[PDB]
>>> print(open('final-v4.txt').read())   # compact mmCIF, C-alpha atoms
# COMPACT_ATOMS: atom_id res chain seq x y z
CA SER A 1 -28.73 -17.61 -20.86
CA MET A 2 -26.15 -15.99 -18.58
CA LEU A 3 -28.21 -16.01 -15.40
CA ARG A 4 -28.57 -19.75 -16.00
CA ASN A 5 -24.76 -20.08 -15.87
CA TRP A 6 -24.63 -18.73 -12.30
CA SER A 7 -23.48 -15.25 -13.27
CA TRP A 8 -25.55 -14.00 -10.33
CA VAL A 9 -23.37 -15.56 -7.63
CA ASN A 10 -21.38 -13.85 -4.90
CA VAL A 11 -17.92 -13.66 -6.46
CA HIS A 12 -16.41 -14.29 -3.03
CA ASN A 13 -17.57 -17.93 -3.04
CA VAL A 14 -15.53 -18.76 -6.15
CA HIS A 15 -12.28 -20.37 -5.04
CA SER A 16 -9.20 -21.14 -7.10
CA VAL A 17 -8.44 -24.85 -7.22
CA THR A 18 -5.24 -24.22 -5.26
CA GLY A 19 -6.73 -21.78 -2.76
CA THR A 20 -3.92 -19.35 -3.60
CA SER A 21 -3.22 -16.43 -5.90
CA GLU A 22 0.03 -15.79 -7.70
CA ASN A 23 2.15 -13.02 -9.21
CA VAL A 24 4.73 -14.51 -11.56
CA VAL A 25 7.59 -12.47 -13.00
CA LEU A 26 10.04 -15.00 -14.44
CA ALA A 27 13.12 -14.47 -16.57
CA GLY A 28 12.16 -16.12 -19.82
CA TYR A 29 13.40 -17.46 -23.14
CA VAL A 30 15.17 -14.84 -25.26
CA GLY A 31 16.86 -17.06 -27.84
CA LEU A 32 20.37 -15.63 -27.82
CA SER A 33 21.87 -18.82 -26.37
CA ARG A 34 20.29 -21.03 -29.03
CA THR A 35 21.22 -18.81 -31.97
CA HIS A 36 24.78 -18.53 -30.68
CA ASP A 37 25.06 -22.32 -30.45
CA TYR A 38 23.78 -22.68 -34.01
CA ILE A 39 26.45 -20.44 -35.53
CA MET A 40 29.19 -22.32 -33.69
CA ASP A 41 27.59 -25.64 -34.77
CA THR A 42 27.92 -26.81 -31.17
CA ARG A 43 24.29 -27.75 -30.38
CA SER A 44 22.40 -26.87 -33.55
CA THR A 45 19.14 -28.67 -32.75
CA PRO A 46 18.00 -28.45 -29.11
CA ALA A 47 14.75 -30.41 -29.49
CA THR A 48 15.20 -33.90 -28.07
CA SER A 49 13.65 -37.17 -29.20
CA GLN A 50 11.20 -37.10 -26.30
CA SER B 1 -12.36 29.79 33.96
CA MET B 2 -8.61 29.79 33.33
CA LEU B 3 -7.88 31.82 36.46
CA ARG B 4 -10.00 29.45 38.54
CA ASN B 5 -7.82 26.65 37.14
CA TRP B 6 -4.67 28.36 38.46
CA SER B 7 -3.33 29.89 35.29
CA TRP B 8 -1.72 32.49 37.57
CA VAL B 9 0.65 30.16 39.42
CA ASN B 10 4.43 30.45 39.38
CA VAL B 11 5.80 28.28 36.57
CA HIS B 12 8.61 27.25 38.91
CA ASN B 13 6.30 25.79 41.56
CA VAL B 14 4.96 23.46 38.86
CA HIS B 15 7.14 20.37 39.16
CA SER B 16 7.29 17.63 36.57
CA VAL B 17 6.34 14.21 37.86
CA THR B 18 9.95 13.21 37.57
CA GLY B 19 11.99 15.87 39.29
CA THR B 20 13.86 16.38 36.02
CA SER B 21 13.48 18.07 32.65
CA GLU B 22 14.47 16.49 29.36
CA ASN B 23 15.53 17.17 25.78
CA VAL B 24 15.77 13.87 23.90
CA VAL B 25 17.01 13.55 20.32
CA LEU B 26 17.26 9.86 19.44
CA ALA B 27 17.54 8.73 15.83
CA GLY B 28 14.40 6.96 14.78
CA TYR B 29 12.35 4.91 12.37
CA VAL B 30 12.85 5.57 8.66
CA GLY B 31 11.51 2.32 7.21
CA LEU B 32 14.28 1.51 4.75
CA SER B 33 15.35 -1.51 6.81
CA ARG B 34 11.80 -2.86 6.97
CA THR B 35 11.08 -2.37 3.26
CA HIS B 36 14.45 -3.79 2.22
CA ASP B 37 13.78 -6.95 4.23
CA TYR B 38 10.36 -7.30 2.60
CA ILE B 39 11.76 -7.33 -0.94
CA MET B 40 14.34 -9.92 0.13
CA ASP B 41 11.64 -12.18 1.60
CA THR B 42 7.93 -11.33 1.64
CA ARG B 43 7.05 -14.37 3.79
CA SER B 44 8.10 -12.87 7.14
CA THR B 45 6.54 -10.32 9.48
CA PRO B 46 8.06 -7.57 11.59
CA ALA B 47 5.18 -7.74 14.08
CA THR B 48 5.55 -10.48 16.69
CA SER B 49 2.63 -12.28 18.29
CA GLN B 50 3.12 -10.27 21.49
CA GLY B 51 2.90 -7.07 19.47
CA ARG B 52 -0.30 -8.25 17.81
CA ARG B 53 -1.82 -8.86 21.24
CA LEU B 54 -0.80 -5.40 22.44
CA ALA B 55 -2.17 -3.99 19.18
CA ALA B 56 -5.51 -5.68 19.79
CA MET B 57 -6.06 -3.96 23.13
CA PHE B 58 -5.51 -0.51 21.62
CA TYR B 59 -8.24 -1.27 19.11
CA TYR B 60 -10.50 -2.25 22.01
CA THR B 61 -9.97 0.67 24.36
CA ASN B 62 -11.50 3.96 25.44
CA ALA B 63 -9.99 7.19 26.72
CA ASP B 64 -11.25 6.47 30.24
CA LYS B 65 -9.18 3.30 30.47
CA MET B 66 -6.05 5.01 29.15
CA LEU B 67 -6.46 8.09 31.35
CA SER B 68 -6.42 6.10 34.60
CA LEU B 69 -3.44 4.06 33.41
CA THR B 70 -1.32 7.19 32.91
CA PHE B 71 -2.73 9.27 35.77
CA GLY B 72 -1.72 6.34 37.97
CA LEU B 73 1.81 6.31 36.59
CA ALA B 74 2.06 10.04 37.23
CA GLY B 75 1.21 9.39 40.86
CA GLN B 76 3.63 6.46 41.11
CA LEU B 77 6.54 8.41 39.64
CA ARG B 78 5.83 11.52 41.72
CA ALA B 79 5.94 9.45 44.91
CA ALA B 80 9.29 8.01 43.83
CA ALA B 81 10.56 11.52 43.10
CA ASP B 82 9.28 12.74 46.47
CA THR B 83 11.35 9.97 48.06
CA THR B 84 14.42 11.03 46.10
CA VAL B 85 13.90 14.72 46.90
CA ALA B 86 13.60 13.95 50.61
CA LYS B 87 16.61 11.61 50.54
CA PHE B 88 18.95 14.14 48.90
CA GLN B 89 17.41 17.35 50.27
CA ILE B 90 16.71 18.75 46.80
CA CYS B 91 15.57 22.35 47.32
CA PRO B 92 16.43 25.65 45.56
CA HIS B 93 19.26 26.16 48.06
CA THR B 94 20.71 22.71 47.33
CA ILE B 95 20.50 23.05 43.55
CA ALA B 96 21.94 26.57 43.62
CA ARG B 97 24.82 25.38 45.78
CA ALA B 98 25.55 22.81 43.07
CA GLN B 99 25.48 25.52 40.39
CA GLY C 1 -6.78 -8.63 14.03
CA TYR C 2 -10.54 -9.02 13.62
CA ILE C 3 -12.94 -11.06 15.75
CA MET C 4 -15.33 -12.16 12.99
CA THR C 5 -18.39 -14.06 14.18
CA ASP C 6 -21.94 -14.37 12.93
CA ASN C 7 -23.26 -13.43 16.39
CA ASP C 8 -22.71 -9.68 16.62
CA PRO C 9 -22.96 -9.44 20.45
CA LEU C 10 -20.53 -12.34 20.80
CA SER C 11 -17.69 -10.59 18.97
CA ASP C 12 -18.11 -7.61 21.30
CA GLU C 13 -17.81 -9.82 24.39
CA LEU C 14 -14.87 -11.83 23.03
CA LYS C 15 -12.78 -8.65 23.01
CA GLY C 16 -12.46 -8.68 26.80
CA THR C 17 -11.55 -12.34 27.23
CA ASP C 18 -8.56 -14.62 26.70
CA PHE C 19 -9.60 -14.87 23.05
CA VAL C 20 -7.05 -12.16 22.22
CA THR C 21 -4.38 -13.93 24.26
CA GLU C 22 -3.27 -16.22 21.42
CA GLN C 23 -2.45 -14.72 18.05
CA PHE C 24 -1.12 -15.66 14.63
CA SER C 25 -0.29 -13.96 11.36
CA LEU C 26 -1.53 -14.17 7.80
CA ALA C 27 2.07 -14.57 6.64
CA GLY C 28 2.60 -17.50 8.98
CA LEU C 29 -0.78 -18.97 8.07
CA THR C 30 0.03 -18.76 4.36
CA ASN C 31 3.48 -20.31 4.81
CA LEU C 32 1.93 -23.36 6.47
CA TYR C 33 -0.67 -23.67 3.71
CA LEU C 34 1.91 -23.59 0.91
CA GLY C 35 4.22 -26.01 2.69
CA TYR C 36 1.53 -28.62 3.27
CA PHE C 37 -0.14 -28.21 -0.12
CA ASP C 38 3.20 -28.64 -1.89
CA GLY C 39 4.00 -31.87 -0.09
CA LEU C 40 0.51 -33.30 -0.50
CA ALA C 41 0.17 -32.41 -4.18
CA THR C 42 3.53 -34.05 -4.87
CA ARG C 43 2.32 -37.20 -3.12
CA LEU C 44 -0.54 -37.14 -5.64
CA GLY C 45 1.98 -36.83 -8.48
CA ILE C 46 1.19 -33.28 -9.58
CA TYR C 47 4.44 -31.34 -9.03
CA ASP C 48 3.08 -27.81 -8.98
CA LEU C 49 5.39 -24.83 -8.47
CA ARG C 50 3.27 -22.85 -6.02
CA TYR C 51 6.00 -23.34 -3.42
CA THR C 52 8.96 -22.84 -5.75
CA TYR C 53 7.54 -19.50 -6.90
CA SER C 54 6.89 -18.45 -3.30
CA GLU C 55 10.67 -18.58 -2.76
CA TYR C 56 11.58 -16.24 -5.62
CA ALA C 57 12.23 -12.59 -4.84
CA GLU C 58 10.05 -11.33 -7.72
CA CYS C 59 7.04 -13.60 -7.03
CA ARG C 60 4.43 -13.45 -4.27
CA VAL C 61 1.87 -16.12 -3.37
CA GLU C 62 -1.18 -15.28 -1.27
CA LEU C 63 -4.35 -17.01 -0.15
CA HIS C 64 -7.29 -16.47 -2.48
CA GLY C 65 -9.83 -15.10 -0.02
CA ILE C 66 -7.97 -11.98 1.07
CA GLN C 67 -9.47 -9.36 -1.23
CA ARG C 68 -12.93 -9.66 0.34
CA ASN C 69 -14.36 -7.44 3.05
CA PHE C 70 -14.51 -9.51 6.22
CA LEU C 71 -16.65 -6.96 8.08
CA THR C 72 -19.63 -7.48 5.77
CA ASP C 73 -20.89 -11.05 5.30
CA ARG C 74 -20.20 -12.23 8.82
CA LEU C 75 -22.99 -14.82 8.88
CA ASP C 76 -20.86 -17.15 6.72
CA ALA C 77 -17.87 -16.78 9.04
CA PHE C 78 -17.48 -20.41 10.12
CA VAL C 79 -18.06 -22.00 6.71
CA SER C 80 -14.95 -23.70 5.41
CA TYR C 81 -13.37 -23.21 1.97
CA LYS C 82 -13.90 -26.83 0.94
CA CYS C 83 -15.40 -26.61 -2.53
CA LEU C 84 -16.26 -30.11 -3.77
CA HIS C 85 -18.77 -32.71 -2.66
CA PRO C 86 -17.73 -35.37 -0.13
CA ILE C 87 -18.15 -37.91 -2.94
CA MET C 88 -16.16 -36.03 -5.57
CA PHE C 89 -13.41 -35.98 -2.95
CA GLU C 90 -13.54 -39.79 -2.79
CA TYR C 91 -13.53 -39.81 -6.59
CA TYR C 92 -10.09 -38.17 -6.70
CA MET C 93 -8.47 -39.20 -3.41
CA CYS C 94 -8.88 -42.97 -3.85
CA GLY C 95 -11.71 -43.53 -1.40
CA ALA C 96 -10.24 -41.27 1.28
CA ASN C 97 -12.57 -38.72 2.84
CA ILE C 98 -12.00 -35.79 5.16
CA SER C 99 -15.52 -35.10 6.48
CA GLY C 100 -18.02 -37.77 5.41
CA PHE D 1 31.16 30.35 -16.29
CA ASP D 2 31.47 34.11 -16.31
CA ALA D 3 32.32 36.57 -13.54
CA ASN D 4 29.35 36.53 -11.17
CA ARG D 5 30.40 38.63 -8.14
CA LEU D 6 32.15 42.02 -8.25
CA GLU D 7 33.02 41.50 -11.94
CA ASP D 8 35.35 38.67 -10.93
CA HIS D 9 35.25 34.91 -10.67
CA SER D 10 33.99 33.05 -7.64
CA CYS D 11 36.14 31.10 -5.21
CA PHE D 12 35.52 27.88 -7.16
CA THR D 13 35.64 28.79 -10.84
CA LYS D 14 38.79 30.89 -10.47
CA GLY D 15 42.02 29.24 -11.52
CA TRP D 16 40.29 26.51 -13.52
CA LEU D 17 42.30 26.56 -16.72
CA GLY D 18 40.58 23.49 -18.14
CA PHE D 19 41.75 20.77 -20.47
CA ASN D 20 40.99 19.32 -23.89
CA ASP D 21 37.30 18.87 -24.60
CA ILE D 22 35.71 15.59 -23.60
CA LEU D 23 34.63 13.39 -26.51
CA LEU D 24 31.79 11.02 -25.63
CA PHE D 25 32.68 8.14 -27.95
CA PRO D 26 29.99 5.46 -27.60
CA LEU D 27 31.20 1.91 -28.06
CA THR D 28 27.55 0.95 -28.50
CA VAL D 29 24.41 2.65 -29.82
CA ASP D 30 22.92 2.85 -26.32
CA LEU D 31 24.24 6.32 -25.50
CA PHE D 32 23.03 7.66 -28.84
CA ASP D 33 19.36 6.72 -28.47
CA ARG D 34 19.19 7.56 -24.75
CA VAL D 35 20.16 11.21 -25.23
CA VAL D 36 17.47 11.88 -27.85
CA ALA D 37 15.00 9.65 -26.04
CA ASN D 38 11.64 11.33 -25.40
CA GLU D 39 10.18 9.78 -22.24
CA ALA D 40 6.72 11.30 -22.42
CA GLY D 41 3.85 8.97 -23.29
CA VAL D 42 5.71 6.33 -25.33
CA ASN D 43 7.17 2.96 -24.41
CA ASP D 44 10.39 3.38 -26.45
CA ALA D 45 12.43 1.10 -24.14
CA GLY D 46 12.80 3.89 -21.59
CA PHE D 47 11.42 5.00 -18.26
CA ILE D 48 7.92 6.40 -17.82
CA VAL D 49 8.68 9.91 -16.57
CA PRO D 50 5.61 12.17 -16.47
CA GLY E 1 1.94 24.33 28.71
CA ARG E 2 3.36 27.25 30.69
CA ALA E 3 5.69 24.84 32.54
CA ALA E 4 6.65 21.92 30.28
CA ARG E 5 10.38 22.37 29.52
CA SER E 6 10.66 18.92 27.89
CA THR E 7 11.03 18.39 24.15
CA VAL E 8 11.33 15.26 22.01
CA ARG E 9 12.58 15.06 18.43
CA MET E 10 13.21 12.19 16.03
CA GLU E 11 15.92 12.16 13.37
CA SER E 12 15.49 10.23 10.12
CA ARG E 13 19.21 9.66 9.60
CA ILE E 14 20.11 6.99 7.05
CA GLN E 15 23.51 5.35 6.63
CA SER E 16 25.11 3.37 3.83
CA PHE E 17 25.37 -0.41 3.96
CA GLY E 18 26.26 -3.43 1.88
CA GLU E 19 29.86 -2.85 0.81
CA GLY E 20 29.35 -5.26 -2.06
CA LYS E 21 25.74 -6.05 -2.95
CA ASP E 22 25.25 -5.04 -6.62
CA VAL E 23 22.69 -2.19 -6.48
CA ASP E 24 21.45 -2.97 -9.99
CA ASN E 25 20.18 -6.44 -9.08
CA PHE E 26 18.13 -5.21 -6.12
CA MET E 27 16.63 -2.52 -8.33
CA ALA E 28 15.43 -5.40 -10.51
CA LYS E 29 13.81 -7.22 -7.59
CA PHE E 30 12.11 -4.07 -6.30
CA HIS E 31 10.50 -3.01 -9.56
CA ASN E 32 9.38 -6.58 -10.34
CA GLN E 33 7.95 -7.40 -6.91
CA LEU E 34 6.00 -4.12 -6.86
CA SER E 35 4.90 -4.30 -10.51
CA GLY E 36 1.37 -5.28 -9.52
CA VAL E 37 0.83 -1.96 -7.74
CA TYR E 38 3.24 0.66 -9.12
CA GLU E 39 4.34 1.08 -12.72
CA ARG E 40 7.57 -0.89 -13.05
CA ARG E 41 9.42 1.18 -15.66
CA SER E 42 9.18 4.60 -14.04
CA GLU E 43 11.74 6.98 -12.61
CA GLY E 44 10.24 6.70 -9.13
CA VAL E 45 10.42 2.94 -8.77
CA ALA E 46 14.02 3.10 -9.99
CA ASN E 47 14.83 5.96 -7.63
CA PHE E 48 13.27 4.42 -4.51
CA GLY E 49 14.78 1.04 -5.36
CA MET F 1 14.30 -7.95 -41.44
CA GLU F 2 17.65 -6.15 -41.34
CA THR F 3 15.83 -2.95 -40.39
CA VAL F 4 14.34 -4.85 -37.44
CA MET F 5 17.72 -6.25 -36.39
CA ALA F 6 19.25 -2.77 -36.45
CA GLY F 7 16.97 -1.51 -33.68
CA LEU F 8 17.20 -4.68 -31.61
CA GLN F 9 18.80 -3.06 -28.58
CA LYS F 10 18.70 -3.75 -24.85
CA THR F 11 16.18 -1.70 -22.87
CA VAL F 12 16.60 -0.01 -19.48
CA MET F 13 15.26 -3.06 -17.62
CA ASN F 14 18.40 -4.99 -18.64
CA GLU F 15 16.04 -6.56 -21.14
CA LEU F 16 16.20 -7.28 -24.84
CA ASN F 17 13.74 -5.50 -27.10
CA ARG F 18 12.08 -8.69 -28.39
CA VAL F 19 12.07 -12.46 -27.98
CA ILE F 20 14.04 -14.28 -30.68
CA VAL F 21 12.88 -17.68 -31.93
CA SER F 22 15.32 -18.75 -34.63
CA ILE F 23 14.02 -21.43 -37.00
CA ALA F 24 16.59 -23.52 -38.86
CA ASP F 25 14.37 -26.33 -40.15
CA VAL F 26 10.57 -26.46 -40.24
CA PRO F 27 8.45 -29.29 -38.80
CA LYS F 28 6.52 -31.13 -41.50
CA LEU F 29 3.14 -29.40 -41.63
CA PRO F 30 0.91 -28.06 -44.39
CA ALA F 31 1.63 -24.47 -45.35
CA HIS F 32 -1.79 -23.24 -44.23
CA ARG F 33 -1.32 -24.88 -40.83
CA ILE F 34 2.04 -23.12 -40.54
CA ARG F 35 0.54 -19.71 -41.32
CA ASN F 36 -2.16 -20.27 -38.69
CA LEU F 37 0.35 -20.89 -35.91
CA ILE F 38 2.22 -17.72 -36.87
CA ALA F 39 -1.03 -15.88 -36.13
CA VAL F 40 -1.03 -17.53 -32.71
CA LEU F 41 2.62 -16.72 -32.02
CA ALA F 42 2.06 -13.05 -32.85
CA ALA F 43 -0.82 -12.97 -30.36
CA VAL F 44 0.63 -14.99 -27.48
CA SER F 45 2.66 -11.94 -26.43
CA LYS F 46 -0.18 -9.43 -26.33
CA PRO F 47 -1.97 -8.64 -23.06
CA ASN F 48 -4.83 -11.10 -22.61
CA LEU F 49 -3.41 -13.00 -25.61
CA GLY F 50 -4.73 -10.36 -27.98
>>> encode(input="final-v4.txt", output="structure tokens")
Amino acid sequence: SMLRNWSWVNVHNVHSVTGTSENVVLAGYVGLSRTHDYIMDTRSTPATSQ
Amino acid sequence: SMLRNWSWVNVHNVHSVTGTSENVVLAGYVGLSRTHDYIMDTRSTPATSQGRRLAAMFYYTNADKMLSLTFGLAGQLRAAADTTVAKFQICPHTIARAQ
Amino acid sequence: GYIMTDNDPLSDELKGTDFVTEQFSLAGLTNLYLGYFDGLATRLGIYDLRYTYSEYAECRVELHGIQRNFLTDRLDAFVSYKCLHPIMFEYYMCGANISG
Amino acid sequence: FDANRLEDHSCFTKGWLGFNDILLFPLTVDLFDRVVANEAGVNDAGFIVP
Amino acid sequence: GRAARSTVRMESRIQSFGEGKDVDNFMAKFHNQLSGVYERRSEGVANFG
Amino acid sequence: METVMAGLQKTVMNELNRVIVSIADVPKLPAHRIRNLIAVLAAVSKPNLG
């Protein structure tokens, strides 16, 4: 059942839908800004209506 | 076979192609400037399209082609040194008089 | 820096011609691909960040077919990287076609 | 340092009278858990030094 | 080589640069860009960066 | 929890130890559905999503 799903193919003919690869290293959410704003009651809830 | 190839000659009658000697010490490639500029922006190249063409020929070359290129330069420079020697009368007497 | 053709004697003869006169780089080739893909995908209302990430100092974007050995399967050298049928292209691109 | 040449001090350690001992007073716990940090095989929020 | 008399040497001298450039923020770029090849939290990637 | 917050220091990558997601109020969901998403949130961080 795995040969029938084209597991036999040359892996060099499989292209990403963008044609590119990617190495992402992004500074992310830590949560110190949101917890600080909650204690000061400035912006307690950050989730918007949308 | 070494004697038949004149291993016995005077090492002073053997003249460089240029009529000069040399001792060059010029500060060179380290690679910290090339690697620093890569981390700043990985989307550039240090190799220009003229250097990629020159690189291609060295892939596609044999010793015979390179030997004639440089054994022709050695003739060209030795004829320009022979002109300079004749012009300025460079002989052991003339160099010793300068010393 | 590789003359890759399906005809093995042809790539040996192309070394001594004006084929090697004009040159280009993988970095320059990639930078044109990301620039055009970003503008086109936006015009299709996608807004992908493959070009935004390429301009971050900790992120690198490369073409997908780089990890293969180009000296091996040279008989598929001139086959493009278009993946989907000429009709599934018209399905997405509102009747537009690129080949036929 | 003790006398290392001719039963006398060197050119550099001679005449050093010293001062009051340095007290490393951490204003944060970082210096405390970096000194006892064992960087051999564990993640421990430190460098991987083989 | 009995009559050569010419020598050539290359010096790998490095100088300092970037009077203000915040060393610690480049060291972050270096060990993040090269994380896909070399182990990011190591004493060699921090030293060479 | 207070044991966890005691060791919540900054690493050598100028990086916090963990990602903080502070919950003030809870979206209206069944309890079992809430427990299931905690399982997901514990596994989203692991390599290959656990």
>>> atom_distance(input="final-v4.txt", atom1="CA of residue 5 in chain B", atom2="CA of residue 4 in chain E")
16.7 Å
>>> residues_near_point(input="final-v4.txt", point="(16.1, -5.3, -9.7)", cutoff="12 Å", atoms="only C-alpha atoms", output="PDB file with C-alpha atoms, in the coordinates of the input")
ATOM      1  CA  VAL A  25       7.590 -12.470 -13.000  1.00  0.00           C
ATOM      2  CA  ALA A  27      13.120 -14.470 -16.570  1.00  0.00           C
TER       3      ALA A  27
ATOM      4  CA  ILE B  39      11.760  -7.330  -0.940  1.00  0.00           C
ATOM      5  CA  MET B  40      14.340  -9.920   0.130  1.00  0.00           C
TER       6      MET B  40
ATOM      7  CA  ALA C  57      12.230 -12.590  -4.840  1.00  0.00           C
ATOM      8  CA  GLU C  58      10.050 -11.330  -7.720  1.00  0.00           C
TER       9      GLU C  58
ATOM     10  CA  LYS E  21      25.740  -6.050  -2.950  1.00  0.00           C
ATOM     11  CA  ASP E  22      25.250  -5.040  -6.620  1.00  0.00           C
ATOM     12  CA  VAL E  23      22.690  -2.190  -6.480  1.00  0.00           C
ATOM     13  CA  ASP E  24      21.450  -2.970  -9.990  1.00  0.00           C
ATOM     14  CA  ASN E  25      20.180  -6.440  -9.080  1.00  0.00           C
ATOM     15  CA  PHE E  26      18.130  -5.210  -6.120  1.00  0.00           C
ATOM     16  CA  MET E  27      16.630  -2.520  -8.330  1.00  0.00           C
ATOM     17  CA  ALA E  28      15.430  -5.400 -10.510  1.00  0.00           C
ATOM     18  CA  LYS E  29      13.810  -7.220  -7.590  1.00  0.00           C
ATOM     19  CA  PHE E  30      12.110  -4.070  -6.300  1.00  0.00           C
ATOM     20  CA  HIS E  31      10.500  -3.010  -9.560  1.00  0.00           C
ATOM     21  CA  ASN E  32       9.380  -6.580 -10.340  1.00  0.00           C
ATOM     22  CA  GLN E  33       7.950  -7.400  -6.910  1.00  0.00           C
ATOM     23  CA  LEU E  34       6.000  -4.120  -6.860  1.00  0.00           C
ATOM     24  CA  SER E  35       4.900  -4.300 -10.510  1.00  0.00           C
ATOM     25  CA  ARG E  40       7.570  -0.890 -13.050  1.00  0.00           C
ATOM     26  CA  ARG E  41       9.420   1.180 -15.660  1.00  0.00           C
ATOM     27  CA  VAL E  45      10.420   2.940  -8.770  1.00  0.00           C
ATOM     28  CA  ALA E  46      14.020   3.100  -9.990  1.00  0.00           C
ATOM     29  CA  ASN E  47      14.830   5.960  -7.630  1.00  0.00           C
ATOM     30  CA  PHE E  48      13.270   4.420  -4.510  1.00  0.00           C
ATOM     31  CA  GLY E  49      14.780   1.040  -5.360  1.00  0.00           C
TER      32      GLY E  49
ATOM     33  CA  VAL F  12      16.600  -0.010 -19.480  1.00  0.00           C
ATOM     34  CA  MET F  13      15.260  -3.060 -17.620  1.00  0.00           C
ATOM     35  CA  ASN F  14      18.400  -4.990 -18.640  1.00  0.00           C
ATOM     36  CA  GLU F  15      16.040  -6.560 -21.140  1.00  0.00           C
TER      37      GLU F  15
END
>>> atom_distance(input="final-v4.txt", atom1="CA of residue 21 in chain C", atom2="CA of residue 33 in chain C")
23.0 Å
>>> closest_residue(input="final-v4.txt", among="E:14, E:19, E:37, E:44", to="chain B", atoms="all atoms listed in the file")
E:14
>>> atom_distance(input="final-v4.txt", atom1="CA of residue 45 in chain C", atom2="CA of residue 99 in chain C")
23.1 Å
>>> residues_around(input="final-v4.txt", residues="residue 11 in chain B", least_positions_apart="3", cutoff="8 Å", atoms="only C-alpha atoms", output="list in words")
residues 14 of chain B; 2 and 3 of chain E
>>> residues_around(input="final-v4.txt", residues="range 16-18 of chain C", least_positions_apart="4", cutoff="10 Å", atoms="only C-alpha atoms", output="list in words")
residues 57, 60 and 61 of chain B; 11, 12 and 22 of chain C
>>> interface_residues(input="final-v4.txt", of="chain B", to="chain E", cutoff="8 Å", atoms="all atoms listed in the file", output="number ranges by chain")
B: 11-12, 14, 16, 21-30, 39
>>> residues_around(input="final-v4.txt", residues="residue 16 in chain A", least_positions_apart="6", cutoff="12 Å", atoms="only C-alpha atoms", output="count of residues only")
9
>>> interface_residues(input="final-v4.txt", of="chain C", to="chain E", cutoff="12 Å", atoms="only C-alpha atoms", output="VMD selection string")
chain C and resid 54 56 to 61
>>> write_last_selection(input="final-v4.txt", atoms="C-alpha atoms", output="tab-separated table (two decimals), in the frame of the given file")
chain	number	residue	atom	x	y	z
C	54	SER	CA	6.89	-18.45	-3.30
C	56	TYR	CA	11.58	-16.24	-5.62
C	57	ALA	CA	12.23	-12.59	-4.84
C	58	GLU	CA	10.05	-11.33	-7.72
C	59	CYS	CA	7.04	-13.60	-7.03
C	60	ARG	CA	4.43	-13.45	-4.27
C	61	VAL	CA	1.87	-16.12	-3.37
>>> interface_residues(input="final-v4.txt", of="chain F", to="chain D", cutoff="8 Å", atoms="all atoms listed in the file", output="PDB file with C-alpha atoms, keeping the file's coordinate frame")
ATOM      1  CA  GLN F   9      18.800  -3.060 -28.580  1.00  0.00           C
ATOM      2  CA  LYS F  10      18.700  -3.750 -24.850  1.00  0.00           C
ATOM      3  CA  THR F  11      16.180  -1.700 -22.870  1.00  0.00           C
ATOM      4  CA  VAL F  12      16.600  -0.010 -19.480  1.00  0.00           C
ATOM      5  CA  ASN F  17      13.740  -5.500 -27.100  1.00  0.00           C
TER       6      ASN F  17
END
>>> closest_atom_pairs(input="final-v4.txt", of="chain A", to="chain C", cutoff="10 Å", atoms="all atoms listed in the file", output="CSV")
residue,atom,partner,partner_atom,distance
A:11,CA,C:68,CA,9.3
A:12,CA,C:68,CA,6.7
A:13,CA,C:81,CA,8.4
A:14,CA,C:83,CA,8.6
A:15,CA,C:64,CA,6.8
A:16,CA,C:64,CA,6.8
A:17,CA,C:83,CA,8.6
A:18,CA,C:37,CA,8.3
A:19,CA,C:64,CA,5.3
A:20,CA,C:63,CA,4.2
A:21,CA,C:62,CA,5.2
A:22,CA,C:61,CA,4.7
A:23,CA,C:59,CA,5.4
A:24,CA,C:59,CA,5.2
A:25,CA,C:58,CA,5.9
A:26,CA,C:58,CA,7.7
A:27,CA,C:58,CA,9.9
>>> write_last_selection(input="final-v4.txt", atoms="C-alpha atoms", output="PDB file, in the frame of the given file")
ATOM      1  CA  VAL A  11     -17.920 -13.660  -6.460  1.00  0.00           C
ATOM      2  CA  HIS A  12     -16.410 -14.290  -3.030  1.00  0.00           C
ATOM      3  CA  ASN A  13     -17.570 -17.930  -3.040  1.00  0.00           C
ATOM      4  CA  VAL A  14     -15.530 -18.760  -6.150  1.00  0.00           C
ATOM      5  CA  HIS A  15     -12.280 -20.370  -5.040  1.00  0.00           C
ATOM      6  CA  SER A  16      -9.200 -21.140  -7.100  1.00  0.00           C
ATOM      7  CA  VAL A  17      -8.440 -24.850  -7.220  1.00  0.00           C
ATOM      8  CA  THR A  18      -5.240 -24.220  -5.260  1.00  0.00           C
ATOM      9  CA  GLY A  19      -6.730 -21.780  -2.760  1.00  0.00           C
ATOM     10  CA  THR A  20      -3.920 -19.350  -3.600  1.00  0.00           C
ATOM     11  CA  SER A  21      -3.220 -16.430  -5.900  1.00  0.00           C
ATOM     12  CA  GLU A  22       0.030 -15.790  -7.700  1.00  0.00           C
ATOM     13  CA  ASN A  23       2.150 -13.020  -9.210  1.00  0.00           C
ATOM     14  CA  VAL A  24       4.730 -14.510 -11.560  1.00  0.00           C
ATOM     15  CA  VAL A  25       7.590 -12.470 -13.000  1.00  0.00           C
ATOM     16  CA  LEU A  26      10.040 -15.000 -14.440  1.00  0.00           C
ATOM     17  CA  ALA A  27      13.120 -14.470 -16.570  1.00  0.00           C
TER      18      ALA A  27
END
>>> residues_around(input="final-v4.txt", residues="residue 23 in chain F", least_positions_apart="2", cutoff="12 Å", atoms="all atoms listed in the file", output="list in words")
residues 31, 34, 35, 38, 44, 45, 46 and 47 of chain A; 20, 21, 25, 26 and 27 of chain F
>>> closest_residue(input="final-v4.txt", among="B:42, B:53, B:20, B:96", to="residue 15 in chain C", atoms="only C-alpha atoms")
B:53
